[PDB]
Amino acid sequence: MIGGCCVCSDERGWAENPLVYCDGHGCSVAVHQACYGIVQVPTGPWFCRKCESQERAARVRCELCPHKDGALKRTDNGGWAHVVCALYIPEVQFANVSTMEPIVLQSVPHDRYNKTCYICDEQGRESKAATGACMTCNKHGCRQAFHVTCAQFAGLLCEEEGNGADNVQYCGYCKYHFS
C-alpha cells in the first residue's frame, strides 16, 4: 500500500543503505536496511520478521494502530508493532537500536491509549478510531490525536532535526498545522 520504503517513504535506495524487499508470500513489505535494522542484507530472498514467524496474518496486527500492512517487529509482551508507529510515538523504545527489536511498549503512558484518532473518526470509523495508540499534533497548543499510520497515508508525518549530533525528532501535524 506504500510504494517505496514503508517506514520512511523514501523511494531511493543507497549503496550502503539499500531498499530490501520481502519475498514473503502475500507480503509487500519494502524497507531500507537502516529502517528495519537488518544486520546483513542477503544475496537472495529475505523475509520480514512477520513472514518468518509461525502465525498467519489474521492474528498478526500492530498493537498501536488498525492498519495491517507495513513493517512489523515483535514487542515486549510478545505482540507485534509497526516500526513507524514505534518511531513517531515518543515513549515507544527499542531494546536494541541496531537490530531495532523488540519494540518496547512498557513505558507508553495510559494517556496514549485513551484517545480517538480524528482521521479515523472523520472517516466515520469509531471502532478503528479508539484502537491502539495515538500520537499528538506537534503544534504547540493543539491536542489533535491520530494514529501514526493514519498520518503517514495522509502525508502528515515528518522527520525534523533535533539537538545532538544526529538526533532526529519523529513528529507529525494535524491537517490544520502542517508547515
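Start at 1 and count along the sequence shown; that's the residue number.
K.L.:
Averaging C-alpha B-factors over each stretch, which comes out higher, 120 to 128 or 46 to 54?
P.N.:
If you average the C-alpha B-factors of 120 to 128 and of 46 to 54, the larger mean comes out for 46 to 54.
K.L.:
Tell me which of 100 to 108 and 85 to 93 has the higher mean C-alpha B-factor in the deposited entry.
P.N.:
Higher mean C-alpha B-factor in the PDB entry: 100 to 108.
K.L.:
Just the C-alpha B-factor column, please: which of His32, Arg59, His147, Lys115 has the biggest number?
P.N.:
If I rank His32, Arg59, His147, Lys115 by C-alpha B-factor, first place goes to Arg59.
K.L.:
In the PDB entry, which of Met135, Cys27, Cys65, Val39 has its C-alpha at the highest B-factor?
P.N.:
Highest C-alpha B-factor among the listed options: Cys27.
K.L.:
Thinking about Cα B factors across the chain, which third does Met1 belong to?
P.N.:
It falls in the top third of the chain.
K.L.:
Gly13's Cα B-factor: lowest, middle or highest third of the chain?
P.N.:
Middle third by C-alpha B-factor.
K.L.:
Is the Cα B-factor recorded for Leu19 in the lowest, middle or highest third of its chain?
P.N.:
Lowest third, going by the recorded CA B-factors of the chain.
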